[PDB]
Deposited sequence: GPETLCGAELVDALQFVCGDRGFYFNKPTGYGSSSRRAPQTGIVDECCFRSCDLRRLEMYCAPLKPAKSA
């Protein structure tokens, strides 16, 4: 059981609330896949899903 398309967006809107979400985690400067790969093509748990919520 995975989350794809609208189901995936519904889950993110519910879990992230008003924070917003991204499909790929930004890399940021001086740093040393995405949610579709982790949660739609593959099954992911709530903890991993919430990691795609933007910051407060």
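Comparing the deposited sequence with the modelled residues, the stretches lacking C-alpha coordinates are 1 to 2, 35 to 40, 65 to 70.
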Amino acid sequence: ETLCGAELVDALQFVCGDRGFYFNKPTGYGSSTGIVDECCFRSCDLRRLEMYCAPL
From here on, numbers count along this sequence of modelled residues.
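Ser43, modelled here, also has coordinates in every other compared entry of this protein that models residues flanking it, well short of the third needed to call it frequently missing.
Of the other compared PDB entries of this protein that include residues on both sides, at least a third leave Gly30 without atoms. The mean Cα B-factor in the deposited entry runs higher for 36 to 44 than for the other of 36 to 44 and 6 to 14.
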